[PDB]
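Trainee: Can you read through this structure? Questions will come right after.
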Amino acid sequence: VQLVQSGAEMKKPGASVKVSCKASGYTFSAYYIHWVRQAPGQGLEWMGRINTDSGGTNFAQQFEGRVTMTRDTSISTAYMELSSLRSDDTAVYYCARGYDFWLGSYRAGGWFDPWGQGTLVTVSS
Amino acid sequence: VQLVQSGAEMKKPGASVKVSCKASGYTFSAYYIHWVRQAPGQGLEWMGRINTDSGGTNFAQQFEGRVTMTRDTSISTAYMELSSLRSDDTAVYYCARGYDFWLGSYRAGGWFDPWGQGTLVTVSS
Amino acid sequence: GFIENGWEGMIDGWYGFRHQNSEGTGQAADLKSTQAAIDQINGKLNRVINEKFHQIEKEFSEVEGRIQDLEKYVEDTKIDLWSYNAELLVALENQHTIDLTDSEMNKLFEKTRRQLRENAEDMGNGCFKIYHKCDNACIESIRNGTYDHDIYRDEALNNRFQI
Amino acid sequence: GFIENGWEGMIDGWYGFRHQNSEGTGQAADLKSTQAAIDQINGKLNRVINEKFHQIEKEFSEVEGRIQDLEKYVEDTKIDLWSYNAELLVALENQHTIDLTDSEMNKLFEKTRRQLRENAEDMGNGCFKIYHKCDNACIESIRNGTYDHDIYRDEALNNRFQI
Amino acid sequence: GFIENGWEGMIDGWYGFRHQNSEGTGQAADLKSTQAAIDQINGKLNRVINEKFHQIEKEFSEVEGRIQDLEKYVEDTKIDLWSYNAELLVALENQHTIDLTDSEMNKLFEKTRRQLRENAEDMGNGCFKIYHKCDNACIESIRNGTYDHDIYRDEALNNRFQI
Amino acid sequence: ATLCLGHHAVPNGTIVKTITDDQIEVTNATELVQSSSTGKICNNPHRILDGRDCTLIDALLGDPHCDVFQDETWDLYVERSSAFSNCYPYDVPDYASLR
Amino acid sequence: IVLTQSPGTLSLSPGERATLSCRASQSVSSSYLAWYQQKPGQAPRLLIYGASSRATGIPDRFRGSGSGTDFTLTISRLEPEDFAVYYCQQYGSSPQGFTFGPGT
Amino acid sequence: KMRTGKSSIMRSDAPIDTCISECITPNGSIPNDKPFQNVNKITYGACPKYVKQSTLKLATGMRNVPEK
């Protein structure tokens, strides 16, 4: 069970970046995929999650209007597309599988496992 | 299920006596063996019991220091050794299997079955 | 498996009861379940327990070749197949016997439980606790199927919940 | 088991419900278990229902000897083994079918029992005693799996325990 | 059966527990049931897993007639019978494996239910609702078999019945 | 205050074939039919005598090019498809029985 | 729900007890909190879930506790490999609630 | 001289290699761990029984009900 992401991308400001996350070892369409951002020298920042079956997505009220997330169940890969790149958007982007803890008829808690290796995205002129 | 004992012994006073009790028809090491004594013309008198697995013994608070009980699992025979014989020690000695009445996790009473044929021990000069 | 050990002292049946009350302890066997188990086992025995007159020669004193080897091969195949069939049949029948005996014991347990209703509560060691005064006539009634639970329900509920 | 006799009034299913309440009595079938049992039976039938073209002679008109007895022996052995296989297969399949149908009935009973919770209490004959006013919509809700037990719990417990 | 799906977060056992209390959630596996399952599975596997040296010719280079047809017929009969035996064996043993695993799960559920006594009430999805404060040591005691129901019975009865 | 019981599962398990259904998924399964061979014949613990270009009857009779098989013993004689005869033409009534 | 971690840095010698505290803005279910460890240059590794339960292969020196708005992660003995940045996460509090903590 | 034993004959083109195997087939030596084989009906030694089926899986776990 592992998640492998794309490579480093040195995109220019005012552009778009697409980062892939390939899932091998588990049923891709059965678990949510979450995208977490870690700036250099700062903590982790949750960006959003995408439902791999119905295509449903849920972001934070900080990335609305800038992040689009798509899925491809044929090749088992989750894509995060972030538009309007700026200087503060340089960070390491992770994909992690969300495991919801099911106590029978209801869910209560969970964890992020496994994680991707991370892609270093730099925005510079 | 039966219990077979030794023969009569015409021991002299101030001596020791050993009476054997061989078990056939059941697992010897699974049940207790009780020794009962019946004086000629009088009633039965419990002497003690021996655990056939761990070798533990429980006498009465009248035969302490005079009775030692041993077992032999190889031949399935339990022995009673009685020391410091006296004239009043003439009686018929019985070996009996004690069945405990297990009601699940707790025991409640029981009975003696089977009984041996009894060996008559006489003490005289 | 919730009943841990068997009873070597009950020699009048396969399944039975043991009780304790104010008037002492006792033991009784169940005829209906023992009889059901015996009938199933005997019916299975009867199905297990051919008339061949002239067959091929099976022992040979000379070395001949093709035909003798064919005869030996045919006989060996027949014996191996019937040996395997016998082994499979006995394994299956033994497994079924053990399963059906356990099922009979569980059936009797569930029948007694459904008799008792709210008047008793299972202790987990395969055997019950009754929350009202139950003499030998009471145990007899539970055993023969004529146990009326409504005439003890009030005191059983008082003893069960209100301490 | 505890269910004694089948209902010959049911012609629309295999397993079903019967009920009595203030507005009367009724019968209905449960299609989820009937379809499951039917599917298992058809599946076990599909595994039961070879193309040999040239074989040995099986009927003869002369008396020859070694060869003819060898072929008769081979054919007799094959027929005996296949007869045994057919007998064993049908016996095992019939036993399993009976067991699976009884298991489905017990499964429906246990699902209903877990649905009712502390609101009803088993009477030992396959029937439940619902301890509250259960109208026809109530029985329907128990039947389709949408029975909310938290809204009848107060009255059910009042009637169950305190007289 | 009442359990809906398996847990893919369980990699240290076959059967186990999940809980939620005031101090959070958790998971643990039961070793006694997993070990019993694997013991039965291995004991069955070892019975599933002949020495023949000189046999008849099974492939021929010429067309001869009666004897060659007899040898071919014998070989085909043996092959078909053993193929049927293999199919029936694997089918029966896979069936028995599936039922034994489900039976182990049901046994674990029933044992936990019997331990909890009147302190908890089954929710119908493979889960119990404990009607008292059950911290991590409480869940540990439930799991390892040392749970005492009499020190929580008063509070469990107060929460269960009186609102 | 709540306790759930369950069993483990795997992302993808083997399909086994049982009495009821011919496709039921199971966590783990083992193959019971050996369908592969190494293409080579081991020489232990059986004593195998490779005949090269000699049939068994050829070595029995004493074909000149089968003089390496004089007074030979085996547990399994391997006859090759390249075997040929290089002596006086002969036929054996009941060849199979003698072989 | 916003999670705050204190202290920012912990200066502890090897072999000593480490206590790390993560505080919630409002009361949250103890079933929602998880702890992660992130050594430099590696993706975070799950340590404790459910505020009390360890992961599949996490040694017995990592202990979780807490309820309400105050939660703690304790390390009984600090092994050399146990020096990293520790995060607290709330999981499942809301469809949009999966936030992390500041780090410590 | 005539002796009675375990000797037999086989027609094969497979080479000979120094190894240990209790079962010999014209296609080569095969392992005997599994109870059935589908390699060849001509066998020598301790061999699995020949069957027509290419695969036969035996369940060593429980029913798989994956998560959603």
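Chain labels A, B, ... are given in the sequence in which chains occur in the structure tokens; within each chain residues are numbered consecutively from 1, and ligands are likewise numbered from 1 in the order shown.
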Please identify every residue of chain E that has at least one atom no more than 7 Å from any atom of chain H, counting only C-alpha atoms, and report them as a list in words.

Mentor: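 Taken together, these residues fit the definition: residues 5, 6, 7, 8, 41, 48, 49, 50, 51, 52, 53, 54, 58, 79, 82, 83, 90, 94, 97, 98 and 101 of chain E.
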
Trainee: Give me the residues near residue 28 in chain G as an NGL selection string, where near means some atom within 10 Å (using only C-alpha atoms) and where sequence neighbours in that chain fewer than 6 positions away do not count.

Mentor: :G and (1 or 67-70 or 90 or 93)

Trainee: List every residue of chain F that has an atom at most 7 Å from any atom of chain H, and for each one report the closest atom pair and its distance in Å to one decimal, counting only C-alpha atoms, with rows sorted by chain and then by increasing residue number, as JSON lines.

Mentor:
```
{"residue": "F:9", "atom": "CA", "partner": "H:64", "partner_atom": "CA", "distance": 5.5}
{"residue": "F:10", "atom": "CA", "partner": "H:66", "partner_atom": "CA", "distance": 6.5}
{"residue": "F:11", "atom": "CA", "partner": "H:66", "partner_atom": "CA", "distance": 6.4}
{"residue": "F:13", "atom": "CA", "partner": "H:64", "partner_atom": "CA", "distance": 6.6}
{"residue": "F:16", "atom": "CA", "partner": "H:57", "partner_atom": "CA", "distance": 5.9}
{"residue": "F:25", "atom": "CA", "partner": "H:64", "partner_atom": "CA", "distance": 5.5}
{"residue": "F:26", "atom": "CA", "partner": "H:63", "partner_atom": "CA", "distance": 4.5}
{"residue": "F:27", "atom": "CA", "partner": "H:61", "partner_atom": "CA", "distance": 5.2}
{"residue": "F:28", "atom": "CA", "partner": "H:61", "partner_atom": "CA", "distance": 5.1}
{"residue": "F:29", "atom": "CA", "partner": "H:59", "partner_atom": "CA", "distance": 4.4}
{"residue": "F:30", "atom": "CA", "partner": "H:58", "partner_atom": "CA", "distance": 5.2}
{"residue": "F:31", "atom": "CA", "partner": "H:57", "partner_atom": "CA", "distance": 4.6}
{"residue": "F:32", "atom": "CA", "partner": "H:34", "partner_atom": "CA", "distance": 5.1}
{"residue": "F:33", "atom": "CA", "partner": "H:36", "partner_atom": "CA", "distance": 4.5}
{"residue": "F:34", "atom": "CA", "partner": "H:37", "partner_atom": "CA", "distance": 4.3}
{"residue": "F:35", "atom": "CA", "partner": "H:38", "partner_atom": "CA", "distance": 5.3}
{"residue": "F:36", "atom": "CA", "partner": "H:39", "partner_atom": "CA", "distance": 6.6}
{"residue": "F:37", "atom": "CA", "partner": "H:30", "partner_atom": "CA", "distance": 5.2}
{"residue": "F:38", "atom": "CA", "partner": "H:28", "partner_atom": "CA", "distance": 5.9}
{"residue": "F:39", "atom": "CA", "partner": "H:28", "partner_atom": "CA", "distance": 4.3}
{"residue": "F:40", "atom": "CA", "partner": "H:28", "partner_atom": "CA", "distance": 4.7}
{"residue": "F:41", "atom": "CA", "partner": "H:16", "partner_atom": "CA", "distance": 4.7}
{"residue": "F:42", "atom": "CA", "partner": "H:19", "partner_atom": "CA", "distance": 4.8}
{"residue": "F:43", "atom": "CA", "partner": "H:18", "partner_atom": "CA", "distance": 5.8}
{"residue": "F:44", "atom": "CA", "partner": "H:20", "partner_atom": "CA", "distance": 4.7}
{"residue": "F:45", "atom": "CA", "partner": "H:20", "partner_atom": "CA", "distance": 6.4}
{"residue": "F:74", "atom": "CA", "partner": "H:7", "partner_atom": "CA", "distance": 6.5}
{"residue": "F:75", "atom": "CA", "partner": "H:7", "partner_atom": "CA", "distance": 4.3}
{"residue": "F:76", "atom": "CA", "partner": "H:8", "partner_atom": "CA", "distance": 5.0}
{"residue": "F:77", "atom": "CA", "partner": "H:9", "partner_atom": "CA", "distance": 4.6}
{"residue": "F:78", "atom": "CA", "partner": "H:10", "partner_atom": "CA", "distance": 4.9}
{"residue": "F:79", "atom": "CA", "partner": "H:11", "partner_atom": "CA", "distance": 4.7}
{"residue": "F:80", "atom": "CA", "partner": "H:13", "partner_atom": "CA", "distance": 5.7}
{"residue": "F:81", "atom": "CA", "partner": "H:13", "partner_atom": "CA", "distance": 6.8}
```

Trainee: Residues of the last selection are to be written out with N, CA, C and O atoms, as a compact mmCIF listing (two decimals), in the first residue's frame.

Mentor:
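File written: part_12.txt
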```txt
# COMPACT_ATOMS: atom_id res chain seq x y z
N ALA F 9 -10.10 -7.76 6.43
CA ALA F 9 -10.33 -7.88 5.00
C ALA F 9 -9.05 -7.48 4.29
O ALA F 9 -8.14 -6.89 4.88
N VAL F 10 -8.98 -7.81 3.00
CA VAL F 10 -7.79 -7.54 2.20
C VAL F 10 -8.22 -6.73 0.98
O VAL F 10 -9.39 -6.82 0.57
N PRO F 11 -7.34 -5.92 0.40
CA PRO F 11 -7.76 -5.13 -0.77
C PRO F 11 -8.25 -5.97 -1.93
O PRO F 11 -9.22 -5.59 -2.60
N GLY F 13 -8.69 -10.31 -2.87
CA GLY F 13 -8.50 -11.69 -2.52
C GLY F 13 -8.81 -12.64 -3.65
O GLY F 13 -9.41 -12.28 -4.67
N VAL F 16 -12.50 -18.40 -4.92
CA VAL F 16 -12.55 -19.83 -4.71
C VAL F 16 -13.93 -20.33 -5.13
O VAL F 16 -14.87 -19.55 -5.29
N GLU F 25 -15.18 -14.56 -3.16
CA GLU F 25 -13.87 -14.01 -2.86
C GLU F 25 -13.43 -14.40 -1.45
O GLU F 25 -14.24 -14.40 -0.52
N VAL F 26 -12.16 -14.74 -1.31
CA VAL F 26 -11.58 -15.20 -0.06
C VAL F 26 -10.22 -14.53 0.11
O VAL F 26 -9.53 -14.26 -0.88
N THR F 27 -9.85 -14.24 1.36
CA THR F 27 -8.63 -13.49 1.63
C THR F 27 -7.40 -14.18 1.06
O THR F 27 -6.54 -13.53 0.45
N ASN F 28 -7.28 -15.50 1.24
CA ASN F 28 -6.09 -16.22 0.81
C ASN F 28 -6.47 -17.61 0.35
O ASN F 28 -7.32 -18.26 0.95
N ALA F 29 -5.82 -18.07 -0.72
CA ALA F 29 -6.05 -19.41 -1.25
C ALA F 29 -4.73 -20.00 -1.72
O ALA F 29 -3.78 -19.27 -2.02
N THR F 30 -4.68 -21.33 -1.80
CA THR F 30 -3.50 -22.05 -2.25
C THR F 30 -3.86 -22.90 -3.46
O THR F 30 -4.95 -23.47 -3.53
N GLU F 31 -2.93 -22.99 -4.40
CA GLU F 31 -3.14 -23.82 -5.57
C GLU F 31 -2.87 -25.28 -5.23
O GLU F 31 -1.94 -25.59 -4.49
N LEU F 32 -3.70 -26.17 -5.76
CA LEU F 32 -3.56 -27.60 -5.49
C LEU F 32 -3.18 -28.41 -6.72
O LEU F 32 -2.99 -29.62 -6.59
N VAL F 33 -3.06 -27.79 -7.88
CA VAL F 33 -2.67 -28.48 -9.10
C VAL F 33 -1.32 -27.93 -9.54
O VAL F 33 -1.17 -26.72 -9.75
N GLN F 34 -0.34 -28.82 -9.67
CA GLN F 34 0.98 -28.47 -10.19
C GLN F 34 0.90 -28.46 -11.71
O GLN F 34 0.66 -29.49 -12.33
N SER F 35 1.09 -27.28 -12.31
CA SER F 35 0.97 -27.12 -13.75
C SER F 35 2.27 -26.67 -14.40
O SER F 35 2.25 -26.19 -15.54
N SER F 36 3.40 -26.82 -13.71
CA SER F 36 4.68 -26.38 -14.22
C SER F 36 5.74 -27.44 -13.99
O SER F 36 5.69 -28.19 -13.01
N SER F 37 6.69 -27.51 -14.92
CA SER F 37 7.81 -28.43 -14.83
C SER F 37 9.09 -27.70 -15.23
O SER F 37 9.05 -26.73 -15.99
N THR F 38 10.22 -28.18 -14.71
CA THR F 38 11.50 -27.54 -15.00
C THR F 38 12.09 -27.98 -16.33
O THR F 38 13.10 -27.40 -16.75
N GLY F 39 11.51 -28.97 -16.99
CA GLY F 39 12.04 -29.42 -18.26
C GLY F 39 13.25 -30.31 -18.15
O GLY F 39 13.84 -30.66 -19.18
N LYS F 40 13.65 -30.68 -16.94
CA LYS F 40 14.86 -31.46 -16.73
C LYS F 40 14.54 -32.60 -15.76
O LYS F 40 13.67 -32.47 -14.90
N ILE F 41 15.27 -33.70 -15.91
CA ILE F 41 15.04 -34.90 -15.12
C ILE F 41 16.15 -35.00 -14.08
O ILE F 41 17.33 -35.06 -14.43
N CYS F 42 15.76 -35.02 -12.81
CA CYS F 42 16.72 -35.16 -11.73
C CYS F 42 17.26 -36.58 -11.67
O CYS F 42 16.59 -37.54 -12.07
N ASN F 43 18.49 -36.71 -11.18
CA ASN F 43 19.14 -38.01 -11.07
C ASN F 43 19.13 -38.55 -9.65
O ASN F 43 19.77 -39.58 -9.39
N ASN F 44 18.42 -37.91 -8.74
CA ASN F 44 18.30 -38.37 -7.37
C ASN F 44 16.84 -38.36 -6.94
O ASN F 44 16.09 -37.47 -7.35
N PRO F 45 16.41 -39.32 -6.12
CA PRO F 45 17.17 -40.46 -5.60
C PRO F 45 17.07 -41.68 -6.51
O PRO F 45 17.62 -42.73 -6.20
N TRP F 74 19.17 -49.93 -13.72
CA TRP F 74 18.51 -48.63 -13.66
C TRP F 74 17.28 -48.74 -12.78
O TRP F 74 16.80 -49.83 -12.47
N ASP F 75 16.78 -47.57 -12.37
CA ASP F 75 15.44 -47.45 -11.82
C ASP F 75 14.45 -46.90 -12.83
O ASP F 75 13.25 -47.16 -12.71
N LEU F 76 14.92 -46.14 -13.82
CA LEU F 76 14.08 -45.66 -14.90
C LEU F 76 14.94 -45.49 -16.14
O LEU F 76 15.87 -44.68 -16.15
N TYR F 77 14.63 -46.27 -17.18
CA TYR F 77 15.29 -46.14 -18.47
C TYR F 77 14.56 -45.09 -19.28
O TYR F 77 13.33 -45.14 -19.41
N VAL F 78 15.30 -44.13 -19.82
CA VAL F 78 14.72 -43.07 -20.63
C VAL F 78 15.03 -43.37 -22.09
O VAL F 78 16.19 -43.41 -22.50
N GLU F 79 13.98 -43.57 -22.88
CA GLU F 79 14.10 -43.81 -24.31
C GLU F 79 13.90 -42.51 -25.07
O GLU F 79 12.92 -41.80 -24.83
N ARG F 80 14.82 -42.21 -25.98
CA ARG F 80 14.82 -40.95 -26.70
C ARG F 80 14.22 -41.12 -28.08
O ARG F 80 14.23 -42.21 -28.66
N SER F 81 13.68 -40.02 -28.61
CA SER F 81 13.06 -40.03 -29.93
C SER F 81 14.09 -40.12 -31.05
O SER F 81 13.69 -40.30 -32.21
```

Trainee: Counting only C-alpha atoms, a student should be able to say which residues of chain E come within 8 Å of chain A; what is the right answer, written as a ChimeraX atom specification?

Mentor: /E:3-4,18-20,25,125-127

Trainee: Any chance you could export the current selection's N, CA and C atoms as a PDB file, in the first residue's frame?

Mentor:
```
ATOM      1  N   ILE E   3     -22.544  -8.762  10.908  1.00  0.00           N
ATOM      2  CA  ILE E   3     -21.440  -7.863  10.597  1.00  0.00           C
ATOM      3  C   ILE E   3     -21.498  -7.539   9.109  1.00  0.00           C
ATOM      4  N   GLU E   4     -21.442  -6.250   8.778  1.00  0.00           N
ATOM      5  CA  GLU E   4     -21.635  -5.808   7.402  1.00  0.00           C
ATOM      6  C   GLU E   4     -20.394  -6.054   6.547  1.00  0.00           C
ATOM      7  N   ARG E  18     -13.486  -3.209  18.167  1.00  0.00           N
ATOM      8  CA  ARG E  18     -13.369  -1.767  18.034  1.00  0.00           C
ATOM      9  C   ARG E  18     -14.258  -1.126  19.084  1.00  0.00           C
ATOM     10  N   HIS E  19     -13.814  -0.002  19.636  1.00  0.00           N
ATOM     11  CA  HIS E  19     -14.540   0.603  20.741  1.00  0.00           C
ATOM     12  C   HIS E  19     -14.465   2.116  20.667  1.00  0.00           C
ATOM     13  N   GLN E  20     -15.405   2.759  21.350  1.00  0.00           N
ATOM     14  CA  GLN E  20     -15.416   4.200  21.547  1.00  0.00           C
ATOM     15  C   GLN E  20     -15.872   4.487  22.966  1.00  0.00           C
ATOM     16  N   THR E  25     -11.214   6.201  20.737  1.00  0.00           N
ATOM     17  CA  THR E  25     -11.459   4.966  20.014  1.00  0.00           C
ATOM     18  C   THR E  25     -10.201   4.110  19.991  1.00  0.00           C
ATOM     19  N   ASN E 125     -25.841  -4.564  14.607  1.00  0.00           N
ATOM     20  CA  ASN E 125     -24.856  -4.438  13.539  1.00  0.00           C
ATOM     21  C   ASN E 125     -23.525  -5.077  13.912  1.00  0.00           C
ATOM     22  N   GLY E 126     -23.527  -6.004  14.861  1.00  0.00           N
ATOM     23  CA  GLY E 126     -22.300  -6.541  15.398  1.00  0.00           C
ATOM     24  C   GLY E 126     -21.687  -5.728  16.514  1.00  0.00           C
ATOM     25  N   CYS E 127     -22.421  -4.774  17.076  1.00  0.00           N
ATOM     26  CA  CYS E 127     -21.916  -3.889  18.114  1.00  0.00           C
ATOM     27  C   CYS E 127     -22.824  -3.901  19.335  1.00  0.00           C
TER      28      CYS E 127
END
```

Trainee: Write out as a ChimeraX atom specification all residues of range 1-91 of chain F that backbone DSSP assigns to strand (DSSP E or B).

Mentor: /F:2-8,14-16,24-26,29-31,33-34,41-44,48-50,76-79

Trainee: For range 39-49 of chain A, find every residue with an atom within 7 Å (counting only C-alpha atoms), except residues of its own chain fewer than 6 positions away, and show them as an MDAnalysis selection string.

Mentor: (chainID A and resid 32:33 57:60 63 90:92) or (chainID G and resid 98:100 102:103)

Trainee: Given the selection you just returned, output its residues as a file containing C-alpha atoms, formatted as a compact mmCIF listing (two decimals), in the first residue's frame.

Mentor:
```txt
# COMPACT_ATOMS: atom_id res chain seq x y z
CA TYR A 32 -10.90 9.33 -0.02
CA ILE A 33 -7.73 11.10 -1.16
CA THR A 57 -14.84 17.22 -3.56
CA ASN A 58 -14.55 19.31 -0.39
CA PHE A 59 -12.01 22.12 0.04
CA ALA A 60 -11.12 24.53 2.82
CA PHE A 63 -8.53 27.59 -1.40
CA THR A 90 5.88 27.41 -2.95
CA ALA A 91 5.65 24.33 -0.73
CA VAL A 92 5.78 20.52 -0.64
CA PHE G 98 -9.38 17.76 8.82
CA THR G 99 -7.01 20.49 9.98
CA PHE G 100 -3.60 20.00 11.57
CA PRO G 102 0.97 24.36 14.38
CA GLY G 103 3.63 21.75 15.11
```
